[PDB]
Each structure stands twice: as structure tokens, then as C-alpha cells.
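Reproduced below: final.cif, with mmCIF, N, CA and C atoms.
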data_data
#
loop_
_atom_site.label_atom_id
_atom_site.label_comp_id
_atom_site.auth_asym_id
_atom_site.auth_seq_id
_atom_site.Cartn_x
_atom_site.Cartn_y
_atom_site.Cartn_z
N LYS X 1 28.86 45.51 -68.23
CA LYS X 1 30.16 45.42 -68.86
C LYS X 1 30.45 44.00 -69.31
N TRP X 2 29.81 43.04 -68.63
CA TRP X 2 29.97 41.63 -68.96
C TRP X 2 29.10 41.28 -70.17
N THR X 3 29.74 40.85 -71.24
CA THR X 3 29.02 40.46 -72.43
C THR X 3 29.31 38.99 -72.67
N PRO X 4 28.29 38.13 -72.50
CA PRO X 4 28.50 36.70 -72.72
C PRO X 4 28.85 36.47 -74.18
N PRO X 5 29.97 35.77 -74.45
CA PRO X 5 30.36 35.52 -75.84
C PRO X 5 29.33 34.69 -76.60
N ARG X 6 29.31 34.82 -77.92
CA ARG X 6 28.38 34.05 -78.74
C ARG X 6 28.96 32.66 -78.95
N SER X 7 28.14 31.65 -78.68
CA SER X 7 28.54 30.25 -78.82
C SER X 7 27.94 29.66 -80.10
N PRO X 8 28.48 28.53 -80.56
CA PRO X 8 27.93 27.92 -81.78
C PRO X 8 26.63 27.17 -81.47
N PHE X 9 26.10 27.36 -80.28
CA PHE X 9 24.88 26.68 -79.88
C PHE X 9 23.62 27.55 -79.91
N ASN X 10 23.82 28.84 -80.14
CA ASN X 10 22.72 29.79 -80.22
C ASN X 10 21.62 29.61 -79.18
N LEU X 11 22.01 29.56 -77.91
CA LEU X 11 21.03 29.42 -76.84
C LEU X 11 20.17 30.68 -76.89
N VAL X 12 18.90 30.56 -76.52
CA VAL X 12 18.02 31.72 -76.54
C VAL X 12 18.49 32.78 -75.54
N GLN X 13 19.18 32.35 -74.48
CA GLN X 13 19.71 33.26 -73.46
C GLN X 13 20.73 34.23 -74.05
N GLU X 14 21.36 33.83 -75.15
CA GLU X 14 22.36 34.66 -75.80
C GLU X 14 21.73 35.86 -76.52
N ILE X 15 20.46 35.72 -76.89
CA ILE X 15 19.73 36.77 -77.57
C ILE X 15 19.01 37.69 -76.60
N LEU X 16 18.66 37.18 -75.42
CA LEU X 16 17.92 37.94 -74.43
C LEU X 16 18.65 38.41 -73.18
N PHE X 17 19.94 38.11 -73.06
CA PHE X 17 20.68 38.51 -71.87
C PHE X 17 20.62 40.00 -71.56
N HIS X 18 20.47 40.83 -72.59
CA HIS X 18 20.42 42.29 -72.41
C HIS X 18 19.27 42.73 -71.50
N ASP X 19 18.22 41.92 -71.43
CA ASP X 19 17.05 42.20 -70.60
C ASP X 19 16.84 40.97 -69.70
N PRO X 20 17.28 41.06 -68.44
CA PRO X 20 17.15 39.96 -67.48
C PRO X 20 15.72 39.42 -67.35
N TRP X 21 14.74 40.31 -67.45
CA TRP X 21 13.34 39.91 -67.34
C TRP X 21 13.00 38.95 -68.48
N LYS X 22 13.40 39.32 -69.70
CA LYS X 22 13.14 38.50 -70.88
C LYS X 22 13.89 37.17 -70.83
N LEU X 23 15.10 37.21 -70.29
CA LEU X 23 15.92 36.01 -70.19
C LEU X 23 15.25 35.08 -69.20
N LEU X 24 14.83 35.62 -68.06
CA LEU X 24 14.19 34.80 -67.05
C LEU X 24 12.84 34.27 -67.54
N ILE X 25 12.12 35.08 -68.31
CA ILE X 25 10.83 34.66 -68.85
C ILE X 25 11.09 33.42 -69.71
N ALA X 26 12.11 33.52 -70.56
CA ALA X 26 12.48 32.42 -71.42
C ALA X 26 12.71 31.15 -70.62
N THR X 27 13.39 31.25 -69.48
CA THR X 27 13.63 30.05 -68.68
C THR X 27 12.33 29.51 -68.10
N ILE X 28 11.37 30.39 -67.83
CA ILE X 28 10.09 29.94 -67.32
C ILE X 28 9.42 29.10 -68.42
N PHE X 29 9.40 29.61 -69.65
CA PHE X 29 8.80 28.91 -70.79
C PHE X 29 9.50 27.59 -71.10
N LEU X 30 10.83 27.61 -71.04
CA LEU X 30 11.63 26.43 -71.35
C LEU X 30 11.67 25.38 -70.25
N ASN X 31 11.27 25.74 -69.04
CA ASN X 31 11.33 24.79 -67.93
C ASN X 31 10.49 23.53 -68.15
N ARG X 32 11.18 22.41 -68.32
CA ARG X 32 10.52 21.12 -68.54
C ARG X 32 9.72 21.09 -69.84
N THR X 33 9.98 22.06 -70.71
CA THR X 33 9.28 22.17 -71.97
C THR X 33 10.25 22.14 -73.12
N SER X 34 9.88 21.44 -74.19
CA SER X 34 10.70 21.32 -75.39
C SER X 34 10.97 22.68 -76.04
N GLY X 35 12.22 22.91 -76.42
CA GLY X 35 12.58 24.17 -77.04
C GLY X 35 11.84 24.39 -78.34
N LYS X 36 11.70 23.33 -79.12
CA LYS X 36 11.01 23.40 -80.41
C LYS X 36 9.60 23.91 -80.25
N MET X 37 8.97 23.57 -79.13
CA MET X 37 7.60 23.99 -78.86
C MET X 37 7.52 25.32 -78.15
N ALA X 38 8.30 25.46 -77.08
CA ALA X 38 8.31 26.66 -76.26
C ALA X 38 8.79 27.97 -76.89
N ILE X 39 9.86 27.91 -77.68
CA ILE X 39 10.43 29.12 -78.28
C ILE X 39 9.43 29.92 -79.13
N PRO X 40 8.74 29.26 -80.07
CA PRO X 40 7.76 29.96 -80.91
C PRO X 40 6.73 30.73 -80.07
N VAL X 41 6.19 30.07 -79.04
CA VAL X 41 5.21 30.67 -78.15
C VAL X 41 5.83 31.82 -77.36
N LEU X 42 7.10 31.65 -77.00
CA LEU X 42 7.83 32.67 -76.25
C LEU X 42 7.90 33.97 -77.04
N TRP X 43 8.25 33.87 -78.32
CA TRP X 43 8.33 35.07 -79.15
C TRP X 43 6.95 35.73 -79.28
N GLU X 44 5.91 34.91 -79.30
CA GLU X 44 4.55 35.42 -79.40
C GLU X 44 4.21 36.20 -78.15
N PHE X 45 4.51 35.60 -77.00
CA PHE X 45 4.24 36.22 -75.72
C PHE X 45 5.00 37.55 -75.59
N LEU X 46 6.29 37.53 -75.90
CA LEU X 46 7.12 38.72 -75.80
C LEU X 46 6.67 39.82 -76.74
N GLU X 47 5.95 39.44 -77.80
CA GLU X 47 5.43 40.40 -78.76
C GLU X 47 4.21 41.13 -78.22
N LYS X 48 3.35 40.39 -77.52
CA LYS X 48 2.13 40.93 -76.93
C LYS X 48 2.35 41.51 -75.53
N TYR X 49 3.31 40.95 -74.79
CA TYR X 49 3.65 41.39 -73.43
C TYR X 49 5.17 41.60 -73.42
N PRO X 50 5.64 42.66 -74.08
CA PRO X 50 7.06 43.01 -74.20
C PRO X 50 7.84 43.44 -72.96
N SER X 51 7.17 43.66 -71.84
CA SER X 51 7.87 44.09 -70.64
C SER X 51 7.28 43.53 -69.35
N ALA X 52 8.05 43.65 -68.28
CA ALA X 52 7.62 43.17 -66.98
C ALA X 52 6.41 43.99 -66.52
N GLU X 53 6.42 45.27 -66.88
CA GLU X 53 5.33 46.18 -66.50
C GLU X 53 4.03 45.74 -67.16
N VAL X 54 4.12 45.36 -68.42
CA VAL X 54 2.97 44.88 -69.18
C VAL X 54 2.55 43.51 -68.63
N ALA X 55 3.49 42.58 -68.52
CA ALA X 55 3.18 41.24 -68.03
C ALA X 55 2.58 41.22 -66.63
N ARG X 56 3.04 42.12 -65.76
CA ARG X 56 2.53 42.16 -64.40
C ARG X 56 1.10 42.68 -64.25
N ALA X 57 0.66 43.51 -65.19
CA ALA X 57 -0.70 44.05 -65.15
C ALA X 57 -1.64 43.23 -66.03
N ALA X 58 -1.10 42.21 -66.70
CA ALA X 58 -1.86 41.36 -67.61
C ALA X 58 -2.96 40.48 -67.02
N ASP X 59 -3.86 40.05 -67.90
CA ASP X 59 -4.96 39.17 -67.51
C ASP X 59 -4.49 37.74 -67.79
N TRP X 60 -4.39 36.94 -66.74
CA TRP X 60 -3.92 35.57 -66.88
C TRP X 60 -4.76 34.72 -67.82
N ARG X 61 -6.05 35.02 -67.93
CA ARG X 61 -6.92 34.24 -68.80
C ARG X 61 -6.45 34.46 -70.25
N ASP X 62 -6.09 35.70 -70.58
CA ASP X 62 -5.60 36.01 -71.92
C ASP X 62 -4.21 35.43 -72.19
N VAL X 63 -3.33 35.49 -71.18
CA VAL X 63 -1.98 34.95 -71.32
C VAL X 63 -2.06 33.44 -71.50
N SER X 64 -2.88 32.78 -70.69
CA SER X 64 -3.04 31.33 -70.76
C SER X 64 -3.58 30.87 -72.13
N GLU X 65 -4.35 31.74 -72.78
CA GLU X 65 -4.91 31.44 -74.09
C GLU X 65 -3.77 31.36 -75.09
N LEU X 66 -2.80 32.26 -74.93
CA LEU X 66 -1.65 32.29 -75.81
C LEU X 66 -0.71 31.13 -75.49
N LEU X 67 -0.80 30.60 -74.27
CA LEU X 67 0.08 29.51 -73.86
C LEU X 67 -0.52 28.13 -74.00
N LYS X 68 -1.66 28.03 -74.69
CA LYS X 68 -2.32 26.74 -74.85
C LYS X 68 -1.46 25.64 -75.49
N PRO X 69 -0.68 25.97 -76.54
CA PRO X 69 0.16 24.94 -77.19
C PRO X 69 1.15 24.24 -76.26
N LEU X 70 1.31 24.75 -75.05
CA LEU X 70 2.26 24.16 -74.13
C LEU X 70 1.61 23.42 -72.97
N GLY X 71 0.28 23.39 -72.94
CA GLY X 71 -0.41 22.70 -71.85
C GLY X 71 -0.21 23.42 -70.53
N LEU X 72 -0.98 23.04 -69.50
CA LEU X 72 -0.85 23.69 -68.18
C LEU X 72 -0.85 25.22 -68.35
N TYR X 73 -1.56 25.71 -69.36
CA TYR X 73 -1.59 27.14 -69.66
C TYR X 73 -2.10 28.08 -68.57
N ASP X 74 -2.99 27.62 -67.70
CA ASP X 74 -3.51 28.49 -66.64
C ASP X 74 -2.46 28.71 -65.55
N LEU X 75 -1.72 27.65 -65.23
CA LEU X 75 -0.68 27.72 -64.22
C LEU X 75 0.49 28.56 -64.73
N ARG X 76 0.92 28.28 -65.96
CA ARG X 76 2.02 29.02 -66.56
C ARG X 76 1.72 30.52 -66.57
N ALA X 77 0.56 30.88 -67.11
CA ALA X 77 0.14 32.27 -67.19
C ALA X 77 0.21 33.00 -65.85
N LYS X 78 -0.32 32.38 -64.80
CA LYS X 78 -0.33 33.01 -63.49
C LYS X 78 1.08 33.15 -62.90
N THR X 79 1.94 32.19 -63.19
CA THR X 79 3.32 32.19 -62.70
C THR X 79 4.08 33.35 -63.33
N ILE X 80 3.95 33.45 -64.64
CA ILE X 80 4.58 34.50 -65.43
C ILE X 80 4.20 35.89 -64.92
N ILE X 81 2.91 36.09 -64.68
CA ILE X 81 2.39 37.37 -64.20
C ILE X 81 2.88 37.67 -62.77
N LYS X 82 2.93 36.63 -61.93
CA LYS X 82 3.38 36.79 -60.55
C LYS X 82 4.88 37.08 -60.47
N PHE X 83 5.67 36.32 -61.24
CA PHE X 83 7.12 36.52 -61.29
C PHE X 83 7.42 37.95 -61.73
N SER X 84 6.74 38.39 -62.79
CA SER X 84 6.92 39.72 -63.34
C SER X 84 6.67 40.81 -62.30
N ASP X 85 5.65 40.60 -61.47
CA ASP X 85 5.31 41.55 -60.44
C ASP X 85 6.42 41.58 -59.37
N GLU X 86 6.85 40.39 -58.94
CA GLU X 86 7.90 40.28 -57.93
C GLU X 86 9.22 40.83 -58.44
N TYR X 87 9.53 40.52 -59.69
CA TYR X 87 10.75 41.00 -60.32
C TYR X 87 10.84 42.51 -60.21
N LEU X 88 9.72 43.20 -60.41
CA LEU X 88 9.67 44.67 -60.36
C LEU X 88 9.40 45.25 -59.00
N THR X 89 8.76 44.47 -58.12
CA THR X 89 8.31 45.00 -56.83
C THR X 89 9.18 44.43 -55.70
N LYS X 90 9.63 43.21 -55.78
CA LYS X 90 10.40 42.64 -54.71
C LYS X 90 11.85 43.09 -54.68
N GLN X 91 12.44 43.11 -53.49
CA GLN X 91 13.84 43.47 -53.34
C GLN X 91 14.58 42.17 -53.48
N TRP X 92 15.42 42.04 -54.50
CA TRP X 92 16.15 40.80 -54.64
C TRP X 92 17.58 40.97 -55.09
N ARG X 93 18.42 40.00 -54.74
CA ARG X 93 19.82 40.03 -55.13
C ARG X 93 20.01 39.04 -56.28
N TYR X 94 19.32 37.91 -56.19
CA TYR X 94 19.37 36.89 -57.22
C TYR X 94 17.93 36.51 -57.53
N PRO X 95 17.61 36.28 -58.82
CA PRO X 95 16.26 35.92 -59.26
C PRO X 95 15.63 34.67 -58.65
N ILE X 96 16.45 33.77 -58.11
CA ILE X 96 15.94 32.55 -57.49
C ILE X 96 15.02 32.89 -56.31
N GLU X 97 15.12 34.12 -55.82
CA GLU X 97 14.28 34.57 -54.71
C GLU X 97 12.88 34.94 -55.20
N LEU X 98 12.72 35.03 -56.52
CA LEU X 98 11.45 35.41 -57.11
C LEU X 98 10.56 34.21 -57.47
N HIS X 99 9.25 34.42 -57.45
CA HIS X 99 8.32 33.35 -57.77
C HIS X 99 8.55 32.87 -59.20
N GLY X 100 8.55 31.56 -59.39
CA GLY X 100 8.73 31.01 -60.72
C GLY X 100 10.17 30.75 -61.14
N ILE X 101 11.14 31.27 -60.38
CA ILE X 101 12.54 31.07 -60.73
C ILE X 101 13.23 30.02 -59.86
N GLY X 102 13.85 29.04 -60.49
CA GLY X 102 14.55 28.00 -59.76
C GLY X 102 16.02 27.98 -60.17
N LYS X 103 16.69 26.85 -59.95
CA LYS X 103 18.12 26.72 -60.28
C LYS X 103 18.40 27.05 -61.73
N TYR X 104 17.59 26.50 -62.63
CA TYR X 104 17.76 26.73 -64.05
C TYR X 104 17.74 28.22 -64.41
N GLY X 105 16.76 28.95 -63.89
CA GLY X 105 16.68 30.37 -64.19
C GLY X 105 17.80 31.17 -63.53
N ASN X 106 18.16 30.78 -62.32
CA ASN X 106 19.23 31.45 -61.57
C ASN X 106 20.60 31.19 -62.23
N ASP X 107 20.83 29.96 -62.69
CA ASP X 107 22.09 29.61 -63.36
C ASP X 107 22.17 30.39 -64.67
N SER X 108 21.05 30.49 -65.39
CA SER X 108 21.02 31.22 -66.64
C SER X 108 21.38 32.68 -66.37
N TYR X 109 20.78 33.24 -65.33
CA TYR X 109 21.02 34.62 -64.95
C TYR X 109 22.49 34.87 -64.58
N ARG X 110 23.04 33.98 -63.76
CA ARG X 110 24.41 34.08 -63.28
C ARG X 110 25.50 33.79 -64.30
N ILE X 111 25.11 33.31 -65.48
CA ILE X 111 26.07 33.05 -66.54
C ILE X 111 25.93 34.14 -67.60
N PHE X 112 24.70 34.60 -67.82
CA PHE X 112 24.44 35.57 -68.87
C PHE X 112 24.19 37.02 -68.49
N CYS X 113 23.64 37.25 -67.30
CA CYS X 113 23.30 38.61 -66.88
C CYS X 113 24.30 39.27 -65.95
N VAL X 114 25.02 38.45 -65.20
CA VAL X 114 26.06 38.95 -64.30
C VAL X 114 27.24 38.05 -64.60
N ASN X 115 28.44 38.50 -64.28
CA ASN X 115 29.61 37.67 -64.53
C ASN X 115 29.93 36.73 -63.37
N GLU X 116 29.31 35.56 -63.36
CA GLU X 116 29.55 34.57 -62.31
C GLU X 116 29.54 33.16 -62.90
N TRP X 117 29.74 33.07 -64.21
CA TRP X 117 29.71 31.79 -64.89
C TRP X 117 30.65 30.76 -64.29
N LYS X 118 31.81 31.22 -63.84
CA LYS X 118 32.81 30.34 -63.26
C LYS X 118 32.34 29.68 -61.98
N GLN X 119 31.36 30.29 -61.33
CA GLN X 119 30.82 29.75 -60.08
C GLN X 119 29.58 28.88 -60.30
N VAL X 120 29.03 28.92 -61.52
CA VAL X 120 27.82 28.18 -61.87
C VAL X 120 28.07 26.77 -62.36
N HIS X 121 27.25 25.84 -61.87
CA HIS X 121 27.31 24.43 -62.26
C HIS X 121 25.91 24.03 -62.72
N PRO X 122 25.62 24.27 -64.01
CA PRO X 122 24.32 23.98 -64.64
C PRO X 122 23.87 22.54 -64.63
N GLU X 123 22.56 22.34 -64.66
CA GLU X 123 22.00 21.01 -64.71
C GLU X 123 21.13 20.90 -65.96
N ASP X 124 21.12 21.97 -66.74
CA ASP X 124 20.37 22.02 -67.99
C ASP X 124 21.35 21.64 -69.11
N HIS X 125 20.91 20.75 -70.00
CA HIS X 125 21.75 20.29 -71.10
C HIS X 125 22.36 21.39 -71.97
N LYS X 126 21.54 22.29 -72.49
CA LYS X 126 22.05 23.36 -73.34
C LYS X 126 22.94 24.35 -72.57
N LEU X 127 22.61 24.57 -71.30
CA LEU X 127 23.39 25.47 -70.47
C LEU X 127 24.77 24.83 -70.28
N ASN X 128 24.80 23.52 -70.05
CA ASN X 128 26.06 22.80 -69.87
C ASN X 128 26.90 22.86 -71.14
N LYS X 129 26.25 22.83 -72.30
CA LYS X 129 26.96 22.89 -73.56
C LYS X 129 27.64 24.23 -73.68
N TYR X 130 26.88 25.28 -73.38
CA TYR X 130 27.42 26.62 -73.45
C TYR X 130 28.52 26.86 -72.42
N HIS X 131 28.27 26.43 -71.19
CA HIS X 131 29.19 26.59 -70.08
C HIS X 131 30.51 25.84 -70.30
N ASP X 132 30.43 24.61 -70.80
CA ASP X 132 31.62 23.80 -71.08
C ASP X 132 32.46 24.51 -72.14
N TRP X 133 31.77 25.02 -73.15
CA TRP X 133 32.39 25.73 -74.26
C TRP X 133 33.04 27.03 -73.80
N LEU X 134 32.41 27.68 -72.83
CA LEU X 134 32.93 28.93 -72.29
C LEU X 134 34.23 28.64 -71.55
N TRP X 135 34.25 27.54 -70.81
CA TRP X 135 35.42 27.11 -70.06
C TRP X 135 36.52 26.66 -71.02
N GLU X 136 36.12 25.95 -72.07
CA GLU X 136 37.06 25.45 -73.07
C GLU X 136 37.79 26.57 -73.79
N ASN X 137 37.06 27.63 -74.12
CA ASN X 137 37.62 28.74 -74.88
C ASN X 137 37.73 30.08 -74.19
N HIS X 138 37.56 30.14 -72.88
CA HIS X 138 37.65 31.44 -72.21
C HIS X 138 39.04 32.07 -72.33
N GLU X 139 40.07 31.24 -72.45
CA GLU X 139 41.44 31.74 -72.59
C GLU X 139 41.52 32.51 -73.90
N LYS X 140 41.08 31.84 -74.97
CA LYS X 140 41.10 32.42 -76.31
C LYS X 140 40.14 33.59 -76.55
N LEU X 141 39.07 33.66 -75.79
CA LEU X 141 38.12 34.74 -75.97
C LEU X 141 38.73 36.02 -75.40
N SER X 142 38.73 36.15 -74.06
CA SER X 142 39.29 37.32 -73.37
C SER X 142 38.82 37.43 -71.93
N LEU X 143 37.97 36.50 -71.54
CA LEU X 143 37.29 36.50 -70.26
C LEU X 143 37.84 35.91 -69.00
N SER X 144 37.02 36.10 -67.97
CA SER X 144 37.21 35.64 -66.60
C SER X 144 38.22 34.51 -66.33
#
Can you dump the structure from the file as C-alpha cells?
Amino acid sequence: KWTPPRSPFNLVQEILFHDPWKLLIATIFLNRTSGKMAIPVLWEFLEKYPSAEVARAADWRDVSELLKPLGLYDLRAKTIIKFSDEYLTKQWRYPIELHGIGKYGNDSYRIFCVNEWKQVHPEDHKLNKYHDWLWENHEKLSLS
């Protein structure tokens, strides 16, 4: 029922919030990685591995090949595949309990996938831009 309003910042989380797995995957790709570089590869990955079910049964050697433009491709690939498996197999309340997810991914989740933005204090620049804007205009929008 919670629909995160569209901001003038077009965060990638705004396009993927409908699927928590995809939103969290995006945060994995964006973690410590430039958006200009990571986003293009992210769309490629999501095209070849469109779901957690697909990503979890995937071959890390193949995933890492697709992740070469971002460096550390072997580690990234294995993390993505492991997180995907835990996301679908582990019992969790918040994604931070899953492999590969930290504050950044959990804050993204808690602002975009569930309605807890008011309790979130982001440390990511773009998340802070969106969050500040949400606070600035939440009266005028209709929300929390």
C-alpha cells in the first residue's frame, strides 16, 4: 500500500521498489561503486538473471564475466548468488540479516519497500537527497 513518491532525483530505487529483490540487488551493485558505471551493468544483469530464483541457481563464473567492468567480479558474483539464495530461503524480517546486505541496502529497503522512511537515517548521498526531499514535502504529498 506504501508507494514511495517520485522525486526529482530519479534514484534507481524508485524504479525497482516494486520488487525488493531487484531493489536490494541494485544496492549490492551500487555499493562503493559509481552509479555511472554500475547502473548499465545492473540492467544487463537483471536482463539475464531477472529473478532471485534465476540468480540463486546461477553460475558465478558466468555472472562474474558480466560484472567485469566493475572489478572484483568474482566476489561480487558470488555475493549476489548467495544473497539471492538467502533472500528466498532464509527467514528474515529485515534484509540486513541477509548476506551481502548492509546499512545502505537496509535503509533503501526501509524507505522504499516498507513504510519506515521516518525512522531511517541514510548515510548514502543520493538516499539522503531523496529522504530530505521526502521530509521537506511529505506534508504536500499525502504521506506519513
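Candidate residues X:114, X:134, X:101, X:72 were compared for distance to residue 28 of chain X, and the nearest is X:101, using only N, CA and C atoms.
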If the PyMOL selection byres (((chain X and resi 5-8 and name CA) around 12) and name CA) is run on the structure shown, which residues does it catch, given as a PyMOL selection string? chain X and resi 2-4+9-17+111-113+115+117+126-138+140-144
Just write the chosen residues, N, CA and C atoms, as a tab-separated table (two decimals), in the frame of the given file.
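Okay, this is what ended up in out_29.tsv:
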chain	number	residue	atom	x	y	z
X	2	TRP	N	29.81	43.04	-68.63
X	2	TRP	CA	29.97	41.63	-68.96
X	2	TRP	C	29.10	41.28	-70.17
X	3	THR	N	29.74	40.85	-71.24
X	3	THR	CA	29.02	40.46	-72.43
X	3	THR	C	29.31	38.99	-72.67
X	4	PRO	N	28.29	38.13	-72.50
X	4	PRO	CA	28.50	36.70	-72.72
X	4	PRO	C	28.85	36.47	-74.18
X	9	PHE	N	26.10	27.36	-80.28
X	9	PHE	CA	24.88	26.68	-79.88
X	9	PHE	C	23.62	27.55	-79.91
X	10	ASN	N	23.82	28.84	-80.14
X	10	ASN	CA	22.72	29.79	-80.22
X	10	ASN	C	21.62	29.61	-79.18
X	11	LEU	N	22.01	29.56	-77.91
X	11	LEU	CA	21.03	29.42	-76.84
X	11	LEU	C	20.17	30.68	-76.89
X	12	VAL	N	18.90	30.56	-76.52
X	12	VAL	CA	18.02	31.72	-76.54
X	12	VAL	C	18.49	32.78	-75.54
X	13	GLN	N	19.18	32.35	-74.48
X	13	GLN	CA	19.71	33.26	-73.46
X	13	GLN	C	20.73	34.23	-74.05
X	14	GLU	N	21.36	33.83	-75.15
X	14	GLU	CA	22.36	34.66	-75.80
X	14	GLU	C	21.73	35.86	-76.52
X	15	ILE	N	20.46	35.72	-76.89
X	15	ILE	CA	19.73	36.77	-77.57
X	15	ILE	C	19.01	37.69	-76.60
X	16	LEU	N	18.66	37.18	-75.42
X	16	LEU	CA	17.92	37.94	-74.43
X	16	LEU	C	18.65	38.41	-73.18
X	17	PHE	N	19.94	38.11	-73.06
X	17	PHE	CA	20.68	38.51	-71.87
X	17	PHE	C	20.62	40.00	-71.56
X	111	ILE	N	25.11	33.31	-65.48
X	111	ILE	CA	26.07	33.05	-66.54
X	111	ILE	C	25.93	34.14	-67.60
X	112	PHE	N	24.70	34.60	-67.82
X	112	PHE	CA	24.44	35.57	-68.87
X	112	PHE	C	24.19	37.02	-68.49
X	113	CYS	N	23.64	37.25	-67.30
X	113	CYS	CA	23.30	38.61	-66.88
X	113	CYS	C	24.30	39.27	-65.95
X	115	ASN	N	28.44	38.50	-64.28
X	115	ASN	CA	29.61	37.67	-64.53
X	115	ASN	C	29.93	36.73	-63.37
X	117	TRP	N	29.74	33.07	-64.21
X	117	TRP	CA	29.71	31.79	-64.89
X	117	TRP	C	30.65	30.76	-64.29
X	126	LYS	N	21.54	22.29	-72.49
X	126	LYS	CA	22.05	23.36	-73.34
X	126	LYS	C	22.94	24.35	-72.57
X	127	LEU	N	22.61	24.57	-71.30
X	127	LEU	CA	23.39	25.47	-70.47
X	127	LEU	C	24.77	24.83	-70.28
X	128	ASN	N	24.80	23.52	-70.05
X	128	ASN	CA	26.06	22.80	-69.87
X	128	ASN	C	26.90	22.86	-71.14
X	129	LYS	N	26.25	22.83	-72.30
X	129	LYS	CA	26.96	22.89	-73.56
X	129	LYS	C	27.64	24.23	-73.68
X	130	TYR	N	26.88	25.28	-73.38
X	130	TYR	CA	27.42	26.62	-73.45
X	130	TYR	C	28.52	26.86	-72.42
X	131	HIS	N	28.27	26.43	-71.19
X	131	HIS	CA	29.19	26.59	-70.08
X	131	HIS	C	30.51	25.84	-70.30
X	132	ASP	N	30.43	24.61	-70.80
X	132	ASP	CA	31.62	23.80	-71.08
X	132	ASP	C	32.46	24.51	-72.14
X	133	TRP	N	31.77	25.02	-73.15
X	133	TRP	CA	32.39	25.73	-74.26
X	133	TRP	C	33.04	27.03	-73.80
X	134	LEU	N	32.41	27.68	-72.83
X	134	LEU	CA	32.93	28.93	-72.29
X	134	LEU	C	34.23	28.64	-71.55
X	135	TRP	N	34.25	27.54	-70.81
X	135	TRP	CA	35.42	27.11	-70.06
X	135	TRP	C	36.52	26.66	-71.02
X	136	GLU	N	36.12	25.95	-72.07
X	136	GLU	CA	37.06	25.45	-73.07
X	136	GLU	C	37.79	26.57	-73.79
X	137	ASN	N	37.06	27.63	-74.12
X	137	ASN	CA	37.62	28.74	-74.88
X	137	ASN	C	37.73	30.08	-74.19
X	138	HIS	N	37.56	30.14	-72.88
X	138	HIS	CA	37.65	31.44	-72.21
X	138	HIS	C	39.04	32.07	-72.33
X	140	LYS	N	41.08	31.84	-74.97
X	140	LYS	CA	41.10	32.42	-76.31
X	140	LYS	C	40.14	33.59	-76.55
X	141	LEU	N	39.07	33.66	-75.79
X	141	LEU	CA	38.12	34.74	-75.97
X	141	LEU	C	38.73	36.02	-75.40
X	142	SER	N	38.73	36.15	-74.06
X	142	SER	CA	39.29	37.32	-73.37
X	142	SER	C	38.82	37.43	-71.93
X	143	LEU	N	37.97	36.50	-71.54
X	143	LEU	CA	37.29	36.50	-70.26
X	143	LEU	C	37.84	35.91	-69.00
X	144	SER	N	37.02	36.10	-67.97
X	144	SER	CA	37.21	35.64	-66.60
X	144	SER	C	38.22	34.51	-66.33
Any idea what's packed within 7 Å of segment 58-63 of chain X, counting all atoms listed in the file, ignoring anything in its chain fewer than 2 positions away? Could you give it as an NGL selection string? :X and (53-56 or 65-68 or 73-74 or 76-78 or 81)
In Å to one decimal, how far is atom CA of residue 110 of chain X from atom CA of residue 70 of chain X?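 Interatomic distance, atom CA of residue 70 of chain X to atom CA of residue 110 of chain X: 26.6 Å.
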DSSP on the backbone: which residues in chain X end up as alpha helix (DSSP H)? Give the answer as a ChimeraX atom specification. /X:13-16,20-30,35-48,52-57,60-66,73-89,103-112,125-141
Atom pair atom CA of residue 103 of chain X + atom CA of residue 121 of chain X, distance 9.7 Å
Hey, can you check how far atom CA of residue 57 of chain X sits from atom N of residue 82 of chain X?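 Computing the Euclidean distance for atom CA of residue 57 of chain X and atom N of residue 82 of chain X yields 8.9 Å.
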I want to know what sits within 8 Å of residue 105 of chain X, based on all atoms listed in the file, with residues of the same chain fewer than 4 positions away left out; could you give that as a list in words? residues 23, 24, 25, 26, 27, 28, 31, 95, 96, 100, 101, 109, 110 and 111 of chain X
